[PDB]
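Just protein_16.txt here, compact mmCIF, C-alpha atoms (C1' of nucleotides):
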# COMPACT_ATOMS: atom_id res chain seq x y z
CA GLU A 3 110.05 79.08 132.13
CA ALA A 4 110.85 76.86 135.19
CA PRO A 5 108.99 77.28 138.57
CA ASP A 6 112.05 78.02 140.83
CA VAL A 7 114.35 75.01 140.21
CA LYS A 8 118.19 75.07 140.65
CA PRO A 9 120.35 73.96 137.64
CA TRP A 10 121.31 70.30 138.05
CA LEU A 11 122.79 66.99 136.82
CA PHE A 12 122.63 63.38 138.00
CA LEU A 13 125.64 63.88 140.34
CA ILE A 14 127.28 60.76 141.84
CA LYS A 15 129.30 60.25 145.05
CA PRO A 16 132.81 58.74 144.46
CA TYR A 17 133.71 55.44 146.23
CA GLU A 18 136.61 55.18 148.76
CA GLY A 19 139.36 54.46 146.14
CA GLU A 20 137.99 54.15 142.56
CA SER A 21 140.08 55.18 139.51
CA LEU A 22 139.36 58.38 137.53
CA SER A 23 138.53 56.20 134.47
CA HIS A 24 135.87 54.32 136.46
CA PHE A 25 134.42 57.46 138.07
CA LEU A 26 134.07 59.31 134.75
CA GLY A 27 132.46 56.14 133.30
CA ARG A 28 129.81 56.16 136.09
CA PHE A 29 129.25 59.93 135.70
CA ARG A 30 128.51 59.48 131.97
CA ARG A 31 125.94 56.74 132.71
CA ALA A 32 124.21 58.64 135.54
CA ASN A 33 123.90 61.36 132.89
CA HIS A 34 123.70 59.90 129.36
CA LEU A 35 126.92 61.37 127.86
CA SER A 36 129.50 60.21 125.32
CA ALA A 37 133.22 60.50 126.28
CA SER A 38 133.71 63.41 123.82
CA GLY A 39 130.36 64.87 125.04
CA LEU A 40 131.61 64.98 128.67
CA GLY A 41 134.94 66.44 127.46
CA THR A 42 132.99 69.10 125.47
CA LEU A 43 130.74 69.96 128.46
CA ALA A 44 133.83 70.33 130.67
CA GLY A 45 135.43 72.52 127.91
CA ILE A 46 138.61 70.32 127.74
CA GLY A 47 137.68 68.73 124.36
CA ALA A 48 138.90 65.21 123.44
CA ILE A 49 141.11 64.85 126.62
CA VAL A 50 138.54 62.64 128.47
CA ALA A 51 138.86 59.82 125.89
CA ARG A 52 142.56 59.43 126.96
CA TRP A 53 141.85 59.42 130.71
CA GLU A 54 139.24 56.64 130.39
CA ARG A 55 142.03 54.50 128.75
CA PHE A 56 144.65 55.60 131.36
CA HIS A 57 146.64 57.37 128.58
CA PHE A 58 148.16 59.83 131.14
CA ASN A 59 151.31 60.37 128.97
CA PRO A 60 150.99 64.13 129.52
CA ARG A 61 149.46 63.91 133.07
CA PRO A 62 146.11 65.57 134.07
CA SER A 63 146.99 69.22 134.86
CA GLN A 64 145.51 71.29 137.71
CA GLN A 65 143.46 73.36 135.20
CA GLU A 66 141.97 70.25 133.50
CA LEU A 67 140.96 68.61 136.82
CA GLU A 68 139.32 71.91 137.89
CA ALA A 69 137.35 71.98 134.60
CA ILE A 70 136.03 68.43 135.33
CA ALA A 71 135.36 69.47 138.99
CA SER A 72 132.94 72.17 137.71
CA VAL A 73 130.88 69.46 135.96
CA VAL A 74 131.00 66.57 138.43
CA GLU A 75 130.79 68.59 141.70
CA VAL A 76 133.98 66.98 143.13
CA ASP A 77 136.86 69.42 143.94
CA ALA A 78 140.23 69.15 142.17
CA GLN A 79 141.90 67.79 145.38
CA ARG A 80 139.44 64.82 145.64
CA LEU A 81 139.77 64.18 141.87
CA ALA A 82 143.58 63.98 142.34
CA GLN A 83 143.07 61.08 144.86
CA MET A 84 141.66 59.00 141.93
CA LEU A 85 145.10 59.21 140.16
CA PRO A 86 148.54 57.75 141.13
CA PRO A 87 150.48 59.84 143.75
CA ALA A 88 153.58 61.71 142.51
CA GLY A 89 156.17 59.14 141.26
CA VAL A 90 153.98 56.00 141.85
CA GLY A 91 154.37 54.34 138.44
CA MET A 92 151.13 52.82 137.07
CA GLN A 93 150.66 50.55 134.04
CA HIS A 94 147.80 51.27 131.57
CA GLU A 95 147.84 48.03 129.47
CA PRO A 96 146.57 45.10 131.65
CA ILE A 97 143.42 46.29 133.44
CA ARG A 98 143.37 44.42 136.78
CA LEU A 99 140.76 43.32 139.34
CA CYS A 100 140.52 42.08 142.96
CA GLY A 101 136.92 40.75 142.54
CA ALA A 102 136.75 39.51 146.19
CA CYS A 103 136.37 43.17 147.27
CA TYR A 104 134.06 44.03 144.29
CA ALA A 105 131.24 42.51 146.40
CA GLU A 106 132.11 45.03 149.21
CA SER A 107 132.39 48.03 146.84
CA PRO A 108 131.57 47.71 143.10
CA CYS A 109 134.45 49.79 141.63
CA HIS A 110 137.87 49.59 139.88
CA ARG A 111 140.38 50.71 142.54
CA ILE A 112 143.26 52.86 141.21
CA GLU A 113 145.82 50.86 143.25
CA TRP A 114 145.42 47.74 141.06
CA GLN A 115 147.28 49.58 138.26
CA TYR A 116 150.40 50.42 140.38
CA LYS A 117 153.58 48.56 139.26
CA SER A 118 154.26 47.73 142.96
CA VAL A 119 150.87 45.99 143.67
CA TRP A 120 150.54 42.20 143.13
CA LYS A 121 148.05 41.03 145.86
CA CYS A 122 145.07 42.77 147.55
CA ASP A 123 145.98 43.26 151.27
CA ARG A 124 142.37 43.45 152.56
CA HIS A 125 141.92 39.84 151.35
CA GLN A 126 145.59 38.62 150.91
CA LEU A 127 144.70 37.39 147.34
CA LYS A 128 146.64 37.65 144.01
CA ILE A 129 145.24 40.39 141.70
CA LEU A 130 143.62 39.18 138.42
CA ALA A 131 144.63 40.44 134.91
CA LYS A 132 142.13 38.31 132.83
CA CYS A 133 138.79 36.46 133.32
CA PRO A 134 139.61 33.31 135.37
CA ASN A 135 137.41 31.01 133.15
CA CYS A 136 137.61 32.26 129.48
CA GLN A 137 141.02 34.11 129.73
CA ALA A 138 139.57 37.33 128.18
CA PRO A 139 141.34 40.63 129.17
CA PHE A 140 139.08 43.15 131.02
CA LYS A 141 137.55 46.24 129.30
CA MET A 142 138.81 49.71 130.35
CA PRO A 143 137.28 50.67 133.77
CA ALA A 144 135.02 53.40 132.33
CA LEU A 145 133.17 50.55 130.49
CA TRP A 146 132.45 48.39 133.64
CA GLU A 147 128.64 48.78 133.19
CA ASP A 148 127.62 45.16 133.97
CA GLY A 149 130.32 44.28 136.54
CA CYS A 150 130.98 40.91 134.82
CA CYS A 151 133.21 39.41 132.09
CA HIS A 152 132.09 40.68 128.62
CA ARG A 153 132.77 37.28 126.88
CA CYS A 154 131.50 34.57 129.26
CA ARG A 155 129.22 36.87 131.38
CA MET A 156 130.63 35.71 134.79
CA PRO A 157 130.06 38.28 137.52
CA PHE A 158 133.21 40.01 138.95
CA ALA A 159 131.98 39.07 142.46
CA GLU A 160 132.21 35.32 141.51
CA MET A 161 135.88 35.72 140.42
CA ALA A 162 136.58 35.93 144.14
CA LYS A 163 136.21 32.11 144.09
CA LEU A 164 138.51 31.45 141.14
CA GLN A 165 141.66 33.49 142.14
CA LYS A 166 145.00 32.88 143.93
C1' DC B 1 -56.71 48.35 39.20
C1' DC B 2 -52.95 51.73 40.24
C1' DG B 3 -48.21 52.89 41.44
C1' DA B 4 -43.20 51.94 41.79
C1' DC B 5 -38.76 49.54 40.32
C1' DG B 6 -35.62 46.57 37.25
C1' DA B 7 -34.02 44.55 32.11
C1' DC B 8 -33.18 45.47 27.73
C1' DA B 9 -32.77 48.36 24.01
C1' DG B 10 -32.19 53.07 21.84
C1' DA B 11 -30.69 57.92 21.34
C1' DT B 12 -27.46 61.60 23.07
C1' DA B 13 -24.03 65.31 24.60
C1' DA B 14 -19.35 65.27 27.47
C1' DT B 15 -14.64 63.76 26.69
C1' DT B 16 -10.76 63.01 24.12
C1' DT B 17 -8.21 63.36 19.90
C1' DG B 18 -7.16 65.33 15.73
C1' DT B 19 -6.86 69.19 12.22
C1' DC B 20 -6.60 74.06 10.88
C1' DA B 21 -6.04 79.12 11.04
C1' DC B 22 -4.38 83.22 13.54
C1' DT B 23 -0.82 85.05 16.89
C1' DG B 24 2.59 86.87 21.04
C1' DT B 25 7.26 86.81 21.34
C1' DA B 26 12.50 86.16 21.05
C1' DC B 27 16.57 86.64 17.62
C1' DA B 28 18.79 90.85 18.43
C1' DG B 29 27.37 91.77 22.38
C1' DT B 30 26.88 90.00 27.72
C1' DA B 31 26.43 87.33 34.57
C1' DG B 32 30.78 84.87 35.58
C1' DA B 33 32.59 88.24 38.47
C1' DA B 34 34.03 91.59 42.34
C1' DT B 35 35.13 91.93 47.30
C1' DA B 36 35.60 90.99 51.76
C1' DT B 37 36.86 87.44 55.63
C1' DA B 38 39.18 83.24 58.31
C1' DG B 39 42.52 79.58 58.48
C1' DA B 40 46.61 76.97 57.49
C1' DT B 41 51.51 76.89 55.80
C1' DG B 42 56.15 78.39 54.88
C1' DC B 43 60.64 81.42 54.89
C1' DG B 44 63.33 84.64 57.39
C1' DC B 45 65.49 86.80 61.46
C1' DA B 46 66.19 87.58 66.22
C1' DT B 47 66.89 85.64 70.95
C1' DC B 48 68.14 82.81 73.75
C1' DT B 49 70.37 78.19 75.85
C1' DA B 50 74.12 74.49 76.89
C1' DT B 51 78.69 72.69 75.80
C1' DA B 52 83.33 73.55 75.62
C1' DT B 53 86.76 75.02 76.85
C1' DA B 54 92.61 76.67 77.57
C1' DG B 55 94.73 79.82 80.52
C1' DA B 56 95.62 81.15 85.15
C1' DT B 57 96.09 79.96 90.08
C1' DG B 58 96.61 77.53 94.36
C1' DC B 59 98.70 73.74 96.61
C1' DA B 60 101.12 69.55 97.87
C1' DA B 61 104.84 66.15 97.53
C1' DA B 62 109.72 65.11 95.61
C1' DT B 63 113.54 65.73 95.52
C1' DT B 64 117.98 68.84 95.46
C1' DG B 65 121.60 71.56 96.51
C1' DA B 66 123.42 73.86 100.31
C1' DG B 67 124.50 74.14 104.79
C1' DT B 68 125.51 72.92 110.14
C1' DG B 69 126.58 69.83 114.17
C1' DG B 70 129.02 65.87 116.65
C1' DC B 71 133.05 62.55 117.39
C1' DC B 72 138.86 62.12 117.73
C1' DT B 73 146.65 59.21 122.24
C1' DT B 74 151.12 60.98 123.53
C1' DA B 75 156.13 61.65 125.25
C1' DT B 76 161.56 60.65 124.52
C1' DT B 77 165.92 58.67 121.24
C1' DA B 78 167.89 57.58 116.56
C1' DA B 79 168.48 57.85 111.01
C1' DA B 80 166.64 60.11 106.26
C1' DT B 81 164.94 64.43 103.24
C1' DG B 82 163.87 69.54 102.92
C1' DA B 83 165.02 74.29 105.26
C1' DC B 84 166.85 78.41 108.87
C1' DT B 85 170.62 80.79 112.17
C1' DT B 86 175.71 81.71 114.00
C1' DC B 87 181.05 81.69 113.41
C1' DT B 88 185.47 81.78 110.61
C1' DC B 89 188.13 83.11 106.04
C1' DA B 90 196.19 87.96 109.16
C1' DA B 91 200.96 88.54 106.67
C1' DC B 92 206.79 88.90 107.75
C1' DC B 93 209.84 88.30 111.27
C1' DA B 94 212.84 85.33 113.79
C1' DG B 95 215.52 80.78 114.18
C1' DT B 96 218.16 76.72 111.12
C1' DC B 97 220.57 74.56 106.88
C1' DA B 98 223.01 72.67 102.46
This entry written out as structure tokens:
Amino acid sequence: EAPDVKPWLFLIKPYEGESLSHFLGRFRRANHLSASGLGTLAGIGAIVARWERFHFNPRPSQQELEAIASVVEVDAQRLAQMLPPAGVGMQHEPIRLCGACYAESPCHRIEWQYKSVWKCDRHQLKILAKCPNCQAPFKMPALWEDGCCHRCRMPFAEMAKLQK
DNA sequence: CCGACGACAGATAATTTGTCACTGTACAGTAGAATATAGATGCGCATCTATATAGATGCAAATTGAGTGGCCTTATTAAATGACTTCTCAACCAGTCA
């Protein structure tokens, strides 16, 4: 038996605006989990493999976000801030990137998927929807392990130089 | 002159050989045979041995069939096929017309 340890996981702190797909992706690298493994631990089954793709066709319910909150130690009201606000239409096909800000905070911000967003206001730069050199479309944000293009291996921080 | 010894010759009993008469003795059924022992050799019967096990057992892979566990897009409209549920199913009197 254990000598007086408290039950634990490699918890992670969320960044100031990352998407739920990106956060779950980091959580399941801090702990080595598969997408269906994290869904099974949370008790919500195969649901997590939709959310990592932004397949929010039926939206994340209060009861499902609370189930994830019991794993990841973030309350349901802070998990809701990683999803679009009520009636803010997102798009889940083109994954998009600022890249200039990815040097200030290495994350996929949820706001880059809003249908109303076309330029990052912190930097006044046009948002990217493909790698500026090889034209490859970005992987889903849960898979942003390297923080670079998967085809030509150019860092996302260097795509700051190639945009607008 | 007397005594002792050798040469030569002569005579003689001992020795050997032969002949002759009287005699003690074997021929008479008879010693190969009996009776111990040691020492070597051979046939028979028992008393071990050394080999030869096949059956039983323990064990260790080599699958082999039978499990169990882990991983997965979703909401509207329209047409098609196959089904379910509900509803309905008066009859003669009163006003024209050739």
Which residues are close to stretch 90-92 of chain A, i.e. within 10 Å by only C-alpha atoms (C1' of nucleotides), leaving aside same-chain residues fewer than 6 positions away? Reply as a short mmCIF file (atom, residue, chain, number, x, y, z; two decimals) with C-alpha atoms, in the frame of the given file.
data_model
loop_
_atom_site.label_atom_id
_atom_site.label_comp_id
_atom_site.auth_asym_id
_atom_site.auth_seq_id
_atom_site.Cartn_x
_atom_site.Cartn_y
_atom_site.Cartn_z
CA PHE A 56 144.65 55.60 131.36
CA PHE A 58 148.16 59.83 131.14
CA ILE A 112 143.26 52.86 141.21
CA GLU A 113 145.82 50.86 143.25
CA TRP A 114 145.42 47.74 141.06
CA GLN A 115 147.28 49.58 138.26
CA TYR A 116 150.40 50.42 140.38
CA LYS A 117 153.58 48.56 139.26
CA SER A 118 154.26 47.73 142.96
CA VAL A 119 150.87 45.99 143.67
#
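Counting only C-alpha atoms (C1' of nucleotides), every residue of chain B that comes within 7 Å of chain A is listed here: residues 71, 72, 73, 74 and 75 of chain B.
For stretch 71-80 of chain A, the non-local neighbours within 10 Å, defined as residues at least 2 positions apart in the same chain or in other chains and counting only C-alpha atoms (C1' of nucleotides), are residues 10, 11, 12, 13, 14, 15, 16, 25, 26, 29, 30, 40, 41, 43, 44, 45, 63, 64, 65, 66, 67, 68, 69, 82, 83, 84 and 85 of chain A.
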So for stretch 53-56 of chain B, what box centre and size do we get, axis-aligned, 5 Å extra on each of the six sides, every listed atom, Å to one decimal, as lines of an AutoDock Vina configuration file?
center_x = 91.2
center_y = 78.1
center_z = 81.0
size_x = 18.9
size_y = 16.1
size_z = 18.3
Pick out the residues sitting within 10 Å of stretch 141-155 of chain A, and hand them over as a PyMOL selection string; count only C-alpha atoms (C1' of nucleotides), and ignore anything fewer than 2 positions along from it in its own chain. chain A and resi 20-31+37+51+53-56+94-99+101+104+108-112+132-139+157-161
What is the distance, in Å and to one decimal place, between atom CA of residue A:140 and atom CA of residue A:34? 22.8 Å
